[PDB]
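Just so you know, these numbers use all the heavy atoms, side chains as well, and skip hydrogens, waters and symmetry mates. Each chain gets a letter, A, B and so on, in the order the sequences are listed, and its residues count up from 1.
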Amino acid sequence: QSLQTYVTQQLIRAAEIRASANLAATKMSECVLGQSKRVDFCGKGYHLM
Amino acid sequence: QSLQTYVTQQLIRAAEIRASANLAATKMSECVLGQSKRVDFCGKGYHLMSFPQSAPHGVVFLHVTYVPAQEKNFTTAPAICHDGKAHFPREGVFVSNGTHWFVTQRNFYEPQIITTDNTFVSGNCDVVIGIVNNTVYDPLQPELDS
Amino acid sequence: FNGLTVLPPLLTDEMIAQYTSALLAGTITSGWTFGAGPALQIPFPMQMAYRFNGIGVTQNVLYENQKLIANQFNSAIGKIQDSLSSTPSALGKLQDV
Amino acid sequence: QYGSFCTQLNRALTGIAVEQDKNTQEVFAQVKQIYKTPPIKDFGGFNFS
Amino acid sequence: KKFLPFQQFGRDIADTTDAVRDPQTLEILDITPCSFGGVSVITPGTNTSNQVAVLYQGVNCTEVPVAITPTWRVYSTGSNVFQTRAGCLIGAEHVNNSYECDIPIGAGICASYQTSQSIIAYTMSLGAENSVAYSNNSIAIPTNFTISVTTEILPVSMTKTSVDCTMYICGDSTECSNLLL
Ligand SMILES: *[C@@H]1O[C@H](CO)[C@@H](O[C@@H]2O[C@H](CO)[C@@H](O)[C@H](O)[C@H]2NC(C)=O)[C@H](O)[C@H]1NC(C)=O
Ligand SMILES: *[C@@H]1O[C@H](CO)[C@@H](O[C@@H]2O[C@H](CO)[C@@H](O)[C@H](O)[C@H]2NC(C)=O)[C@H](O)[C@H]1NC(C)=O
Ligand SMILES: *[C@@H]1O[C@H](CO)[C@@H](O[C@@H]2O[C@H](CO)[C@@H](O)[C@H](O)[C@H]2NC(C)=O)[C@H](O)[C@H]1NC(C)=O
Ligand SMILES: *[C@@H]1O[C@H](CO)[C@@H](O[C@@H]2O[C@H](CO)[C@@H](O)[C@H](O)[C@H]2NC(C)=O)[C@H](O)[C@H]1NC(C)=O
Ligand SMILES: *[C@@H]1O[C@H](CO)[C@@H](O)[C@H](O)[C@H]1NC(C)=O
Ligand SMILES: *[C@@H]1O[C@H](CO)[C@@H](O)[C@H](O)[C@H]1NC(C)=O
Ligand SMILES: *[C@@H]1O[C@H](CO)[C@@H](O)[C@H](O)[C@H]1NC(C)=O
Ligand SMILES: *[C@@H]1O[C@H](CO)[C@@H](O)[C@H](O)[C@H]1NC(C)=O
Ligand SMILES: *[C@@H]1O[C@H](CO)[C@@H](O)[C@H](O)[C@H]1NC(C)=O
Ligand SMILES: *[C@@H]1O[C@H](CO)[C@@H](O)[C@H](O)[C@H]1NC(C)=O
């Protein structure tokens, strides 16, 4: 039972980490490799680089 | 206990599939129903259009993009000083092939004669660093003289 | 020691640093062109003028105020070291995981 | 006597382990060549040190 | 460890006795687990060949020959064994040349099967080196273009599955269902 509880909580945390990593990849593609017009996506103000 | 384990794993996998389906719906809305400006969202390069294609338990997108092919070396100048005034291109970049200067669009080589309808005058040519030093043409004057 | 092992990541820290250095060098020397296709060099002030046009400000504004813009950027990039060092909770997101 | 309770736990942990490397690869490996800055720092007054 | 005269054991994580005192000679000797790890088999497809390489994960492998008839031990002693941060790899040859990774191992080490042909181990290459000819008055603008089409594949839906609880647990039985309620 202890092992099963550990594995379930690890799966949930891994899913959350994967969502965060997808957001980071999107930010690297859009803010760094280009200039984004999306408001507040790459910081407060008008994004430059 | 076996049934409970199966149900929990199914719930987690269903959450993952739902995230993927939301991403697919967003891509269908933004790449197929319009032209997207976000970088790398609808393929590698400059997005032109996309076409959907159904697959078993999924979808396939064919992303048509624009890729530059053959580049060349040139020399630039931020501005042009002609009569004590600094000229900046309205849209494009000042470019030189060694002897003359032209204005071309940034994404494709298409040289043009520097005229008053390609450039705008702003301020004086004493402030810009690296300004280059040439002649601009006003097409109205030759017509008036003739 | 009771059946628990930690596996090393496939990419070492030096490889991640090399990736970030390549991204930074590409951004500095070619703007956004290295992301679409082949990298094309462009002087950094001209790239900044392109960005200013992108945010809706005409490009002669940057050429008339180049020194002030450079000084402001240098001061701003200097401040962030102290900003992140002074506050312990700046990097909390990694510490929590 | 409990069947295959043990195999699923190891399988799930291995899946998480593979997903972590996938996350790192998808975030950082966005460039196909390695670029280097020139030795000269003539950036018009911009200091990237 | 400086034991107090009245103490016998030593516990740091409260479930393992890391140290103990010898009953006859009052000396203190620590206890450590012998060795353990996972065994992974690096292999190309049964298309390409039948040669394999074995990785003993996270172990010093002066100990490998005497770990655990299927007693290959050092499977190919001629194949130079060498430690990595993931363990030591047995059955592969170290190569200085770097390539793109195809079979990841760990800590930047990758393995592949190539030409005669054998399994080799190398450090992965991050990509072809390049240098942009930067100067303060030089530009590069394209003179042509190409049109390219790329595919992207996304799963959308799963298989709709329903499971009956009573039929699975207590199929066609009344006593079992009465106990289950
Ligand atoms: C740079 O471009 C200019 C503009 O085309 C070239 O000047 C012309 O050269 C052609 C020869 O191919 C002549 O027939 C034209 O009379 C020239 N025009 C003018 C206004 O002089 C120039 O030769 C090019 N320079 C180089 C080095 O390629
Ligand atoms: C472009 O042409 C003008 C010529 O009118 C150059 O202006 C001269 O600049 C020098 C240096 O300060 C002065 O001593 C002269 O008095 C200027 N000429 C006049 C008529 O005032 C200008 O230097 C040229 N641009 C460049 C970048 O060399
Ligand atoms: C770029 O900025 C750094 C500061 O981050 C400069 O390094 C300073 O150099 C001066 C004198 O050269 C020293 O007194 C400072 O102690 C240095 N600071 C640090 C943090 O090392 C560097 O000189 C600048 N480079 C250019 C080309 O302007
Ligand atoms: C731009 O590139 C295209 C290639 O995609 C060139 O088209 C080729 O031109 C050669 C001879 O010039 C032909 O033999 C090929 O059959 C053409 N390919 C296709 C697909 O039609 C084109 O000429 C280039 N344009 C310039 C101005 O250089
Ligand atoms: C542009 O000039 C640089 C100078 O080092 C050179 O390396 C490069 O090959 C040139 N490109 C072309 C297309 O001539
Ligand atoms: C470019 O750098 C050269 C030195 O290599 C210098 O003489 C020239 O003034 C610089 N031009 C600009 C516009 O910064
Ligand atoms: C008592 O201990 C000593 C060594 O500590 C050992 O040599 C001896 O045999 C022990 N006594 C008996 C009766 O075995
Ligand atoms: C696997 O082996 C068979 C036997 O020759 C071959 O025909 C098949 O194409 C191989 N698979 C691949 C993906 O090449
Ligand atoms: C364990 O491996 C290291 C090298 O990583 C070596 O220096 C050491 O001697 C090894 N230990 C034993 C007991 O062989
Ligand atoms: C790589 O080359 C170095 C010499 O530069 C040598 O010392 C080393 O043993 C070589 N390693 C391999 C795996 O070939």
Taking only distance into account, so ignoring hydrogens and angles, what donor-acceptor contacts under 3.5 Å exist between chain D and chain A?
{"from": "D:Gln30", "atom 1": "OE1", "to": "A:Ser29", "atom 2": "OG", "distance (Å)": "2.9"}
{"from": "D:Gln30", "atom 1": "NE2", "to": "A:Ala25", "atom 2": "O", "distance (Å)": "3.4"}
{"from": "D:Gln30", "atom 1": "NE2", "to": "A:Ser29", "atom 2": "OG", "distance (Å)": "3.4"}

Neighbourhood of chain A inside residues 36-49 of chain D, taking heavy atoms under 4.5 Å as contact: none

Looking at D:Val27 and A:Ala24, what are the two nearest heavy atoms and their distance? CG2-CB, 4.3 Å

Locate the shortest heavy-atom distance separating A:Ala14 from D:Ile16; write the atom from each residue and the value. CB-CG2, 3.8 Å

